[PDB]
Amino acid sequence: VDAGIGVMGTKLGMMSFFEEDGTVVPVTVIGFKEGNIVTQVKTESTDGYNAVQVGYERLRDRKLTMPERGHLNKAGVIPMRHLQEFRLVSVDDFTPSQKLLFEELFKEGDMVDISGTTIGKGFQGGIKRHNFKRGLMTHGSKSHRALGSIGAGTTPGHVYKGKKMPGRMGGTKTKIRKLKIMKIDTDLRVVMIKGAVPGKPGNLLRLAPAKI
Amino acid sequence: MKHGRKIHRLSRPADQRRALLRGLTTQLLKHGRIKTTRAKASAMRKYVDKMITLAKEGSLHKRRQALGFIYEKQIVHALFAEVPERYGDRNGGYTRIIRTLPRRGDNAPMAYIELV
Amino acid sequence: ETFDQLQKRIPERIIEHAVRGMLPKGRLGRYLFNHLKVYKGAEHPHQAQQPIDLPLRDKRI
Amino acid sequence: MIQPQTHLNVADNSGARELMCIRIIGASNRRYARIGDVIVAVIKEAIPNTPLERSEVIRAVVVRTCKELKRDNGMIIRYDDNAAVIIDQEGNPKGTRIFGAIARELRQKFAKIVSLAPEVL
Amino acid sequence: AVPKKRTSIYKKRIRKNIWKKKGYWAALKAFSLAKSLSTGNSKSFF
Amino acid sequence: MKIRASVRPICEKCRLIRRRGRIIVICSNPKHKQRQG
RNA sequence: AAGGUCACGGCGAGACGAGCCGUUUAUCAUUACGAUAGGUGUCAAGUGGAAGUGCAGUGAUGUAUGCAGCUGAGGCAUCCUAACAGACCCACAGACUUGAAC
RNA sequence: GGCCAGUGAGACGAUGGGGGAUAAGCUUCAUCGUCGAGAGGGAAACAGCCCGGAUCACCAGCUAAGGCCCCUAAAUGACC
RNA sequence: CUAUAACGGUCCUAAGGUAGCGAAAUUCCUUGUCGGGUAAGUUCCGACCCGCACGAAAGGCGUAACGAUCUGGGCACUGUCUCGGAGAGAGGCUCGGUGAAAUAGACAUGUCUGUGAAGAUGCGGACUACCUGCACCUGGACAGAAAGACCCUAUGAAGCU
RNA sequence: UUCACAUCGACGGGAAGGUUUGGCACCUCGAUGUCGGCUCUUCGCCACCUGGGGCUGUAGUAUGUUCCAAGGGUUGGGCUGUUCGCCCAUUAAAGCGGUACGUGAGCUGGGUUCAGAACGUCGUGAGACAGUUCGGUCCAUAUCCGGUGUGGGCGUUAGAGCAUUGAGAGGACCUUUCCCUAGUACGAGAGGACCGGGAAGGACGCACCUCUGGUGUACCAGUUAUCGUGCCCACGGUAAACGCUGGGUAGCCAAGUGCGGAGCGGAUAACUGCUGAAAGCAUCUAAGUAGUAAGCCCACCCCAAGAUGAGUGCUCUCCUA
């Protein structure tokens with residue numbers, strides 16, 4: 001349950017905003033490819049919960065299959081790629097018919113949370129996944145960087161599940177929390193936000209207000 | 001991880017890879033059409049586009065860098081007398097990567113380089 | 001996890017935990033585990049074979 | 001970055017020359033001592049006409065460092081040596097004339113080091 | 001490292017048939033390439 | 001508190017009360033406030 | 001059939017499978033989509049003054065051309081090259097039984 | 001008596017004791033029961049505890065030890 | 001004055017340790033006590049001598065030079081370390097060829113807990129697990145080796161005294 | 001100072017645990033590899049700290065002892081092979097143990113002190129010491145279970161593309177100074193609060209490369225030796241997998257940069273209670289009920305219907321003979 005509808009935007013590099021007091025803050029720059037049109041609302045009557053379903057990245061019709069574009073043309077909106085809802089408490093007033101919601105709702109709310117696919121690092125070891133220590137690099141040692149002991153002795157007879165092994169590190173989404181908003185641009189369709197979003201410039205990014 | 005490392009390294013070390021690039025683009029400029037593997041094909045594509053457009057502006061500095069890159073002496077001087085008369089107005093894209101059957105003994109994906 | 005915590009949280013796991021240890025837990029009690037239909041509400045959504053009420057032989061309930 | 005086996009030069013004329021600093025106080029990291037962190041120094045060598053001799057545990061203040069110093073104004077200050085001031089726990093040193101320049105953020109806790117300094121940048 | 005016992009006919013016919021089914025998957029690709037190698041304007045196979 | 005598991009009621013006003021299963025001893029002096037066995 | 005898979009051009013994804021983004025009269029015009037990768041043309045950017053010539057110097061060398069010359073893993077533009085040619089899987093109201101109204 | 005073998009490492013349980021620390025599934029003896037060499041049933045499983053001594057068949061019945069809510073056969077049996 | 005023994009008597013031997021050394025490659029107590037070095041020193045050096053159990057060719061005490069000798073400390077120096085990080089090769093991963101080995105009763109080869117020749121995937125109760133691969137890691141299978149070098153038995157074997 | 005029970009408790013007694021040394025010799029010697037360290041767990045509470053409370057010979061600060069509570073933490077070093085232990089600087093505190101040294105099919109030293117040698121002592125001697133010192137090979141491609149990731153098949157009762165609910169499971173829920181209140185309560189002074197806020201830290205975690213850098217064998221720049229490009233210039237090769245250096249874009253990384261640890265949310269453990277009876281007095285309880293713990297659950301971030309109980313919602317397609 002979220003405390004309100006959010007938007008989604010793409011990361012476009014990082015820079016530094018110079019505050020007129022004299023400080024230098026590192027900000028991430030957020031663009032918006034297409035407006036976050038509310039496509040499908042799911043209320044308490046026809047569904048077990050209440051959520052507002054928006055989308056993103058208007059595309060060519062060849063890029064989008066028949067169930068997708070049939071679902072989007074059921075709402076009478078543009079064919080678009082990305083599609084996510086926000087679960088919201090039952091006080092909502094949202095029509096699914098082409099609500100091109102403008103981005104003014106976050107500037108006075110100087111706290112926002114963001115979610116995104118972090119950059120994947122592939123099958124990485126235990127020295128960087130779970131912040132282990134390496135063995136002795138010298139003094140006749142042989143267990144350089146290795147995983148060390150894995151379990152206890154005879155009495156378990158196995159290893160505990162969830163034990164810290166090497167595996168695929170990045171690729172899942174994360175949410176970093178309470179990130180204070182900064183100078184929006186009402187003509188450059190760009191929002192400064194002081195922090196570090198998950199991922200390189202180009203990826204999708206959930207931008208939804210806080211849950212404290 | 002290889003995020004954004006856009007060098008195309010082969011199954012050979014660095015200086016041997018440089019010699020493979022120079023020799024194979026040299027004999028590519030000698031015969032025109034050539035049989036490579038596909039990694040060697042794209043690795044020829046970047047450098048031989050650099051060597052067609054290098055002696056496109058036939059000065060002395062371009063001719064000396066171009067003679068420094070290519071092995072054979074008499075093929076650089078057969079190049080700038082040929083590339084403005086042929087590959088003017090093309091503005092990039094000097095090759096073609098026509099693929100063929102894999103190689104007997106390796107199942108190596110084998111390609112074939114033109115000049116067009 | 002205590003009894004009042006399930007009965008506040010998910011009550012239809014109470015009886016479902018009581019009768020699952022009453023049936024022979026092999027391949028066949030697992031098949032007749034699905035015959036149990038426990039619902040927390042006052043009304044069940046079944047109109048299958050006009051379900052007649054269950055006959056009791058227990059004088060101490 | 002001041003490890004617990006570094007050599008810091010002296011920034012005053014208290015009576016020492018350099019010091020092996022030992023195991024910082026305050027910031028419990030103790031493998032990264034930035035500016036303003038007091039250190040439990042021991043005297044590696046000293047001036048032999050002063051009541052500060054060899055092998056004497058003392059408390060000092062890291063005032064210069066080869067590691068950088070992130071400021072909010074955008075500047076980054078760094079030195080070429082490491083320096084400490086032989087300090088007492090009640091503020092002021094027991095050496096008056098401070099050698100070398102210091103920064104100005106440590107004025108908010110160590111004002112006597114700034115007031116006795118030749119340059120405050 | 002040293003195997004404690006041996007495998008059955010069961011598990012071996014499973015693993016060998018996964019190996020040969022992995023050989024099955026790389027010939028409908030060869031049927032597609034052999035079918036595109038036939039009469040048609042394709043800019044490959046000089 | 002005193003977990004003296006077996007001492008008798010010792011002041012002249014050590015009333016003896018079983019609350020919540022356990023046996024405790026109360027008195028006017030807070031020295032004698034005990035939870036027995 | 002809808003939808004996938006192979007192939008194809010790759011990736012900020014990745015041991016292999018995966019995943020993701022393309023797969024071309026690859027806009028036309030009044031205002032967000034039909035540039036995937038390479039090359040090319042420019043712009044950030046790195047090293048930092050290239051060759052050749054002239055001048056000064058006996059010569060090492062310095063100086064003007066000239067923030068020039070190379071690099072261009074990054075941004076934008078550009079269809080010049082390769083996205084051609086295909087192939088294959090999945091089809092044909094989704095068993096049996098009760099209740100409700102039509 | 002004739003011919004002719006094994007065995008001579010025992011184990012636990014009750015009683016009578018010694019060694020121990022009246023400690024050990026400990027050690028050594030004396031009488032006995034079981035296992036050894038004993039299947040079946042009860043003991044959740046489980047050599048020595050209880051019933052019990054397996055020639056074999058039956059899609060026969062009555063019982064010992066022990067049990068009669070369900071898993072799992074028989075009482076959600078009766079009265080204090 | 002507290003001591004300690006220059007000195008004395010007695011017993012037994014063949015004689016009762018001389019110079020020098022001395023918590024030592026020798027000291028059990030012991031990390032003896034003091035001093036140096038160190039912020040801190042069971043290691044080191046310099047001393048005292050209470051030498052379990054030094055000692056004069058099984059030589060004793062010294063020392064220049066020497067040592068892939070042992071050991072204590074210091075300067076310079078650095079990933080040894082704090083505390084890791086990046087890059088290049090040969091492997092590892094994939095494809096095509098060739099293609100073993102140790103091991104192996106058959107394996108339809110879960111976890112807890114209990115029992116049992118007293119440390120169970122195999123027995124009991126419960127819980128958890130769709131089948132089957134690939135890449136890593138090695139906790140268990142009392143994993144592989146190899147009829148335990150240690151301990152004991154053999155009216156064994158052998159060397160040596 | 002009076003005073004057994006604020007705190008110790010003599011003379012004695014009763015238990016629990018299996019972490020020391022022991023006793024038995026029950027599994028294992030056709031092989032169960034001891035002690036210490038590194039790496040990496042997980043668990044117990046007999047609690048060192050953090051959270052709540054009682055009592056105090058508790059005026060306040062700080063305590064002494066004890067109850068609930070194991071979520072989290074429990075430093076860096078000199079000596080020694082060391083466990084233990086001593087010492088230094090501290091810290092909120094520097095807990096004790098189980099998991100066959102927990103962990104040598106993950107890794108290395110003293111040792112079951114192996115083979116050489118030396119000192120003391122014992123022995124006539126060969127040799128020996130639960131005495132000392134120097135040197136002294138440690139193997140390995142995972143079959144299965146187990147684990148971490150990642151698929152493919154089939155199922156989910158037509159076949160799909162998305163979108164999510166969340167059963168269940170993980171991670172995070174940690175902690176310290178400084179300031180206001182306030183030099184206020186308290187105390188003759190000296191000292192110096194509880195409670196409620198703020199700010200700066202520490203470890204841990206999730207991210208990122210805008211700045212500062214490390215690397216960067218894409219790169220460019222200086223230079224040595226030499227061989228080629230006919231020769232001068234200028235370049236190319238080699239000096240392993242950069243000849244040695246000087247810097248660096250994009251990646252990766254931290255030492256750098258942001259963020260997190262929230263809840264007059266629910267029920268409780270110890271405790272304080274409110275009415276309040278069994279004994280017309282009483283008592284936290286026997287009926288009902290209130291405050292309240294870093295503990296439990298939920299909320300928090302992610303995965304998640306193979307949750308076979310296989311969910312819910314929207315949309316596309318089943319044609320010809």
# chains A, B, ... in the order shown; residues from 1 in each chain; ligands from 1

call {"tool": "residues_around", "arguments": {"residues": "residue 78 (chain B)", "least_positions_apart": "4", "cutoff": "10 Å", "atoms": "only C-alpha atoms (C1' of nucleotides)", "output": "ChimeraX atom specification"}}
result
/B:29-30,73-74,82-83

call {"tool": "closest_atom_pairs", "arguments": {"of": "chain J", "to": "chain D", "cutoff": "7 Å", "atoms": "only C-alpha atoms (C1' of nucleotides)", "output": "Markdown table"}}
result
| residue | atom | partner | partner_atom | distance |
| --- | --- | --- | --- | --- |
| J:89 | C1' | D:23 | CA | 6.6 |
| J:201 | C1' | D:27 | CA | 6.0 |
| J:202 | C1' | D:28 | CA | 4.8 |

call {"tool": "closest_residue", "arguments": {"among": "C:58, C:53, C:4, C:16", "to": "residue 40 (chain C)", "atoms": "only C-alpha atoms"}}
result
C:16

call {"tool": "select_by_dssp", "arguments": {"residues": "region 1-210 of chain A", "states": "strand (DSSP E)", "output": "ChimeraX atom specification"}}
result
/A:7-18,24-31,37-42,51-58,80-87,99-100,112-117,123-124,167-168,173-179,181-185,190-194,204-209

call {"tool": "interface_residues", "arguments": {"of": "chain I", "to": "chain C", "cutoff": "12 Å", "atoms": "only C-alpha atoms (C1' of nucleotides)", "output": "list in words"}}
result
residues 125, 126 and 127 of chain I

call {"tool": "write_last_selection", "arguments": {"atoms": "N, CA, C and O atoms (P, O5', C5', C4', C3', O3' and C1' of nucleotides)", "output": "PDB file, in the first residue's frame"}}
result
ATOM      1  P     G I 125       5.794 -43.856  11.364  1.00  0.00           P
ATOM      2  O5'   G I 125       5.640 -42.441  12.074  1.00  0.00           O
ATOM      3  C5'   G I 125       4.923 -42.308  13.291  1.00  0.00           C
ATOM      4  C4'   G I 125       5.143 -40.950  13.906  1.00  0.00           C
ATOM      5  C3'   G I 125       4.928 -39.766  12.981  1.00  0.00           C
ATOM      6  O3'   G I 125       3.570 -39.395  12.863  1.00  0.00           O
ATOM      7  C1'   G I 125       6.976 -39.504  14.115  1.00  0.00           C
ATOM      8  P     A I 126       3.018 -38.797  11.482  1.00  0.00           P
ATOM      9  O5'   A I 126       3.712 -37.366  11.366  1.00  0.00           O
ATOM     10  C5'   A I 126       3.123 -36.229  11.977  1.00  0.00           C
ATOM     11  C4'   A I 126       4.110 -35.103  12.178  1.00  0.00           C
ATOM     12  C3'   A I 126       4.403 -34.235  10.968  1.00  0.00           C
ATOM     13  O3'   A I 126       3.410 -33.252  10.739  1.00  0.00           O
ATOM     14  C1'   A I 126       6.428 -34.821  12.010  1.00  0.00           C
ATOM     15  P     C I 127       2.869 -32.992   9.251  1.00  0.00           P
ATOM     16  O5'   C I 127       3.868 -31.905   8.651  1.00  0.00           O
ATOM     17  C5'   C I 127       4.110 -30.677   9.320  1.00  0.00           C
ATOM     18  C4'   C I 127       5.494 -30.154   9.026  1.00  0.00           C
ATOM     19  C3'   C I 127       5.790 -29.825   7.573  1.00  0.00           C
ATOM     20  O3'   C I 127       5.333 -28.541   7.192  1.00  0.00           O
ATOM     21  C1'   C I 127       7.555 -31.121   8.464  1.00  0.00           C
TER      22        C I 127
END

call {"tool": "residues_around", "arguments": {"residues": "region 51-56 of chain H", "least_positions_apart": "3", "cutoff": "8 Å", "atoms": "only C-alpha atoms (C1' of nucleotides)", "output": "list in words"}}
result
residues 38, 39, 40, 41, 42, 64 and 65 of chain H

call {"tool": "closest_atom_pairs", "arguments": {"of": "chain G", "to": "chain A", "cutoff": "8 Å", "atoms": "only C-alpha atoms (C1' of nucleotides)", "output": "JSON lines"}}
result
{"residue": "G:2", "atom": "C1'", "partner": "A:66", "partner_atom": "CA", "distance": 7.5}
{"residue": "G:12", "atom": "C1'", "partner": "A:200", "partner_atom": "CA", "distance": 5.7}
{"residue": "G:13", "atom": "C1'", "partner": "A:120", "partner_atom": "CA", "distance": 7.2}
{"residue": "G:14", "atom": "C1'", "partner": "A:122", "partner_atom": "CA", "distance": 6.5}
{"residue": "G:15", "atom": "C1'", "partner": "A:123", "partner_atom": "CA", "distance": 7.9}
{"residue": "G:32", "atom": "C1'", "partner": "A:34", "partner_atom": "CA", "distance": 6.5}
{"residue": "G:33", "atom": "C1'", "partner": "A:59", "partner_atom": "CA", "distance": 4.6}
{"residue": "G:34", "atom": "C1'", "partner": "A:60", "partner_atom": "CA", "distance": 7.2}

call {"tool": "write_last_selection", "arguments": {"atoms": "N, CA, C and O atoms (P, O5', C5', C4', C3', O3' and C1' of nucleotides)", "output": "PDB file, in the first residue's frame"}}
result
ATOM      1  P     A G   2      -1.288 -14.961 -36.479  1.00  0.00           P
ATOM      2  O5'   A G   2      -1.685 -14.606 -34.978  1.00  0.00           O
ATOM      3  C5'   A G   2      -2.530 -13.501 -34.687  1.00  0.00           C
ATOM      4  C4'   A G   2      -2.945 -13.492 -33.237  1.00  0.00           C
ATOM      5  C3'   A G   2      -1.819 -13.374 -32.223  1.00  0.00           C
ATOM      6  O3'   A G   2      -1.394 -12.038 -32.014  1.00  0.00           O
ATOM      7  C1'   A G   2      -3.257 -15.133 -31.593  1.00  0.00           C
ATOM      8  P     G G  12      27.239  -3.483 -22.999  1.00  0.00           P
ATOM      9  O5'   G G  12      27.004  -2.859 -21.551  1.00  0.00           O
ATOM     10  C5'   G G  12      25.952  -3.324 -20.720  1.00  0.00           C
ATOM     11  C4'   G G  12      25.450  -2.245 -19.791  1.00  0.00           C
ATOM     12  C3'   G G  12      24.165  -2.563 -19.036  1.00  0.00           C
ATOM     13  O3'   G G  12      24.437  -3.188 -17.793  1.00  0.00           O
ATOM     14  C1'   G G  12      24.171  -0.305 -19.872  1.00  0.00           C
ATOM     15  P     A G  13      24.186  -4.750 -17.540  1.00  0.00           P
ATOM     16  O5'   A G  13      22.732  -5.031 -18.116  1.00  0.00           O
ATOM     17  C5'   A G  13      21.760  -5.684 -17.313  1.00  0.00           C
ATOM     18  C4'   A G  13      21.446  -7.058 -17.841  1.00  0.00           C
ATOM     19  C3'   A G  13      22.512  -8.122 -17.627  1.00  0.00           C
ATOM     20  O3'   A G  13      22.494  -8.708 -16.338  1.00  0.00           O
ATOM     21  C1'   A G  13      21.831  -8.169 -19.868  1.00  0.00           C
ATOM     22  P     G G  14      23.872  -9.194 -15.667  1.00  0.00           P
ATOM     23  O5'   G G  14      24.299 -10.479 -16.499  1.00  0.00           O
ATOM     24  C5'   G G  14      23.545 -11.679 -16.460  1.00  0.00           C
ATOM     25  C4'   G G  14      23.941 -12.594 -17.589  1.00  0.00           C
ATOM     26  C3'   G G  14      25.322 -13.215 -17.481  1.00  0.00           C
ATOM     27  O3'   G G  14      25.345 -14.369 -16.664  1.00  0.00           O
ATOM     28  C1'   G G  14      25.059 -12.285 -19.626  1.00  0.00           C
ATOM     29  P     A G  15      26.719 -14.865 -15.999  1.00  0.00           P
ATOM     30  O5'   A G  15      27.428 -15.697 -17.155  1.00  0.00           O
ATOM     31  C5'   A G  15      28.640 -15.250 -17.742  1.00  0.00           C
ATOM     32  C4'   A G  15      29.384 -16.395 -18.368  1.00  0.00           C
ATOM     33  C3'   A G  15      28.633 -17.146 -19.456  1.00  0.00           C
ATOM     34  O3'   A G  15      28.766 -16.522 -20.723  1.00  0.00           O
ATOM     35  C1'   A G  15      29.530 -18.687 -17.901  1.00  0.00           C
ATOM     36  P     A G  32       6.530  15.877 -32.691  1.00  0.00           P
ATOM     37  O5'   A G  32       5.990  14.839 -31.612  1.00  0.00           O
ATOM     38  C5'   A G  32       6.462  13.496 -31.586  1.00  0.00           C
ATOM     39  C4'   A G  32       7.560  13.317 -30.567  1.00  0.00           C
ATOM     40  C3'   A G  32       7.699  11.905 -30.004  1.00  0.00           C
ATOM     41  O3'   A G  32       9.067  11.657 -29.684  1.00  0.00           O
ATOM     42  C1'   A G  32       7.216  13.400 -28.250  1.00  0.00           C
ATOM     43  P     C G  33       9.918  10.590 -30.528  1.00  0.00           P
ATOM     44  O5'   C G  33       9.381   9.178 -30.025  1.00  0.00           O
ATOM     45  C5'   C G  33       9.957   7.975 -30.515  1.00  0.00           C
ATOM     46  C4'   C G  33       8.931   6.884 -30.698  1.00  0.00           C
ATOM     47  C3'   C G  33       9.170   5.980 -31.906  1.00  0.00           C
ATOM     48  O3'   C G  33       8.772   4.647 -31.603  1.00  0.00           O
ATOM     49  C1'   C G  33       7.050   6.994 -32.090  1.00  0.00           C
ATOM     50  P     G G  34       9.847   3.457 -31.666  1.00  0.00           P
ATOM     51  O5'   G G  34      10.499   3.595 -33.113  1.00  0.00           O
ATOM     52  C5'   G G  34       9.838   3.086 -34.264  1.00  0.00           C
ATOM     53  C4'   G G  34      10.677   3.262 -35.504  1.00  0.00           C
ATOM     54  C3'   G G  34      11.250   4.653 -35.730  1.00  0.00           C
ATOM     55  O3'   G G  34      12.464   4.821 -35.016  1.00  0.00           O
ATOM     56  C1'   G G  34      10.366   3.760 -37.763  1.00  0.00           C
TER      57        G G  34
END

call {"tool": "atom_distance", "arguments": {"atom1": "CA of residue 114 (chain A)", "atom2": "CA of residue 8 (chain A)"}}
result
8.9 Å

call {"tool": "interface_residues", "arguments": {"of": "chain G", "to": "chain C", "cutoff": "12 Å", "atoms": "only C-alpha atoms (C1' of nucleotides)", "output": "PyMOL selection string"}}
result
chain G and resi 97-100

call {"tool": "atom_distance", "arguments": {"atom1": "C1' of residue 117 (chain I)", "atom2": "CA of residue 157 (chain A)"}}
result
20.6 Å

call {"tool": "closest_atom_pairs", "arguments": {"of": "chain I", "to": "chain D", "cutoff": "10 Å", "atoms": "only C-alpha atoms (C1' of nucleotides)", "output": "JSON lines"}}
result
{"residue": "I:38", "atom": "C1'", "partner": "D:55", "partner_atom": "CA", "distance": 8.5}
{"residue": "I:39", "atom": "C1'", "partner": "D:57", "partner_atom": "CA", "distance": 6.3}
{"residue": "I:82", "atom": "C1'", "partner": "D:31", "partner_atom": "CA", "distance": 6.6}
{"residue": "I:83", "atom": "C1'", "partner": "D:31", "partner_atom": "CA", "distance": 9.8}

call {"tool": "write_last_selection", "arguments": {"atoms": "N, CA, C and O atoms (P, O5', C5', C4', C3', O3' and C1' of nucleotides)", "output": "PDB file, in the first residue's frame"}}
result
ATOM      1  P     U I  38      63.068   2.326  22.835  1.00  0.00           P
ATOM      2  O5'   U I  38      61.697   1.542  22.655  1.00  0.00           O
ATOM      3  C5'   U I  38      61.438   0.795  21.477  1.00  0.00           C
ATOM      4  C4'   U I  38      60.162   0.005  21.598  1.00  0.00           C
ATOM      5  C3'   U I  38      59.027   0.693  22.334  1.00  0.00           C
ATOM      6  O3'   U I  38      58.345   1.661  21.562  1.00  0.00           O
ATOM      7  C1'   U I  38      59.228  -1.525  23.109  1.00  0.00           C
ATOM      8  P     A I  39      57.901   3.044  22.249  1.00  0.00           P
ATOM      9  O5'   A I  39      56.925   2.584  23.420  1.00  0.00           O
ATOM     10  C5'   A I  39      56.545   3.475  24.458  1.00  0.00           C
ATOM     11  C4'   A I  39      55.168   3.150  24.971  1.00  0.00           C
ATOM     12  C3'   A I  39      54.927   1.692  25.334  1.00  0.00           C
ATOM     13  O3'   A I  39      55.297   1.428  26.675  1.00  0.00           O
ATOM     14  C1'   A I  39      53.114   2.553  24.034  1.00  0.00           C
ATOM     15  P     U I  82      43.492  -7.162   5.656  1.00  0.00           P
ATOM     16  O5'   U I  82      42.983  -5.807   6.320  1.00  0.00           O
ATOM     17  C5'   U I  82      43.116  -5.578   7.715  1.00  0.00           C
ATOM     18  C4'   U I  82      43.117  -4.104   8.025  1.00  0.00           C
ATOM     19  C3'   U I  82      42.014  -3.295   7.361  1.00  0.00           C
ATOM     20  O3'   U I  82      40.813  -3.344   8.110  1.00  0.00           O
ATOM     21  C1'   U I  82      44.111  -2.167   7.182  1.00  0.00           C
ATOM     22  P     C I  83      39.388  -3.278   7.380  1.00  0.00           P
ATOM     23  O5'   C I  83      39.507  -4.344   6.203  1.00  0.00           O
ATOM     24  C5'   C I  83      38.533  -4.398   5.166  1.00  0.00           C
ATOM     25  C4'   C I  83      39.154  -4.603   3.806  1.00  0.00           C
ATOM     26  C3'   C I  83      40.448  -5.417   3.769  1.00  0.00           C
ATOM     27  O3'   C I  83      40.482  -6.162   2.558  1.00  0.00           O
ATOM     28  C1'   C I  83      40.816  -3.314   2.779  1.00  0.00           C
TER      29        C I  83
END

call {"tool": "atom_distance", "arguments": {"atom1": "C1' of residue 199 (chain J)", "atom2": "CA of residue 72 (chain D)"}}
result
17.3 Å

call {"tool": "interface_residues", "arguments": {"of": "chain B", "to": "chain I", "cutoff": "12 Å", "atoms": "only C-alpha atoms (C1' of nucleotides)", "output": "count of residues only"}}
result
16

call {"tool": "residues_around", "arguments": {"residues": "residue 68 (chain H)", "least_positions_apart": "6", "cutoff": "10 Å", "atoms": "only C-alpha atoms (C1' of nucleotides)", "output": "PyMOL selection string"}}
result
chain H and resi 74-75+77

call {"tool": "write_last_selection", "arguments": {"atoms": "N, CA, C and O atoms (P, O5', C5', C4', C3', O3' and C1' of nucleotides)", "output": "PDB file, in the first residue's frame"}}
result
ATOM      1  P     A H  74     -12.589 -50.465  14.279  1.00  0.00           P
ATOM      2  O5'   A H  74     -13.436 -50.959  15.530  1.00  0.00           O
ATOM      3  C5'   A H  74     -13.821 -52.320  15.657  1.00  0.00           C
ATOM      4  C4'   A H  74     -13.564 -52.827  17.050  1.00  0.00           C
ATOM      5  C3'   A H  74     -13.987 -51.885  18.162  1.00  0.00           C
ATOM      6  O3'   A H  74     -15.348 -52.042  18.497  1.00  0.00           O
ATOM      7  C1'   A H  74     -11.766 -52.601  18.537  1.00  0.00           C
ATOM      8  P     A H  75     -16.386 -50.856  18.216  1.00  0.00           P
ATOM      9  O5'   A H  75     -16.009 -49.766  19.306  1.00  0.00           O
ATOM     10  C5'   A H  75     -16.123 -50.068  20.688  1.00  0.00           C
ATOM     11  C4'   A H  75     -16.865 -48.984  21.418  1.00  0.00           C
ATOM     12  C3'   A H  75     -16.188 -47.617  21.390  1.00  0.00           C
ATOM     13  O3'   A H  75     -17.168 -46.591  21.260  1.00  0.00           O
ATOM     14  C1'   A H  75     -16.476 -48.331  23.633  1.00  0.00           C
ATOM     15  P     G H  77     -19.896 -42.761  23.516  1.00  0.00           P
ATOM     16  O5'   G H  77     -19.121 -44.146  23.634  1.00  0.00           O
ATOM     17  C5'   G H  77     -18.542 -44.553  24.864  1.00  0.00           C
ATOM     18  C4'   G H  77     -19.403 -45.581  25.552  1.00  0.00           C
ATOM     19  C3'   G H  77     -19.833 -45.250  26.971  1.00  0.00           C
ATOM     20  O3'   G H  77     -20.938 -44.368  27.014  1.00  0.00           O
ATOM     21  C1'   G H  77     -19.073 -47.486  26.872  1.00  0.00           C
TER      22        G H  77
END

call {"tool": "select_by_dssp", "arguments": {"residues": "chain A", "states": "helix (DSSP H, G or I)", "output": "VMD selection string"}}
result
chain A and resid 61 to 63 66 to 74 126 to 129

call {"tool": "write_last_selection", "arguments": {"atoms": "C-alpha atoms", "output": "PDB file, in the first residue's frame"}}
result
ATOM      1  CA  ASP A  61       2.375  -0.395 -33.250  1.00  0.00           C
ATOM      2  CA  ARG A  62       4.709  -3.049 -34.703  1.00  0.00           C
ATOM      3  CA  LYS A  63       6.622  -3.047 -31.392  1.00  0.00           C
ATOM      4  CA  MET A  66      -2.187  -7.863 -30.082  1.00  0.00           C
ATOM      5  CA  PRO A  67      -3.153  -8.458 -26.386  1.00  0.00           C
ATOM      6  CA  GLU A  68      -1.026  -5.499 -25.274  1.00  0.00           C
ATOM      7  CA  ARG A  69      -2.365  -3.049 -27.853  1.00  0.00           C
ATOM      8  CA  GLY A  70      -5.885  -4.408 -27.423  1.00  0.00           C
ATOM      9  CA  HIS A  71      -5.597  -3.746 -23.689  1.00  0.00           C
ATOM     10  CA  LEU A  72      -4.317  -0.220 -24.323  1.00  0.00           C
ATOM     11  CA  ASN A  73      -6.967   0.554 -26.944  1.00  0.00           C
ATOM     12  CA  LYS A  74      -9.599  -0.708 -24.505  1.00  0.00           C
ATOM     13  CA  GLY A 126      31.549 -14.094  -2.277  1.00  0.00           C
ATOM     14  CA  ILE A 127      34.191 -11.386  -1.970  1.00  0.00           C
ATOM     15  CA  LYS A 128      31.873  -8.725  -3.418  1.00  0.00           C
ATOM     16  CA  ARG A 129      28.336 -10.107  -3.014  1.00  0.00           C
TER      17      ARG A 129
END

call {"tool": "decode", "arguments": {"residues": "region 1-5 of chain C", "atoms": "C-alpha atoms", "output": "CSV table (one decimal), in the first residue's frame"}}
result
chain,number,residue,atom,x,y,z
C,1,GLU,CA,2.8,-18.3,16.5
C,2,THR,CA,-0.1,-18.9,18.9
C,3,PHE,CA,-3.8,-19.9,18.5
C,4,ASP,CA,-5.2,-16.4,18.8
C,5,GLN,CA,-2.7,-15.1,16.3
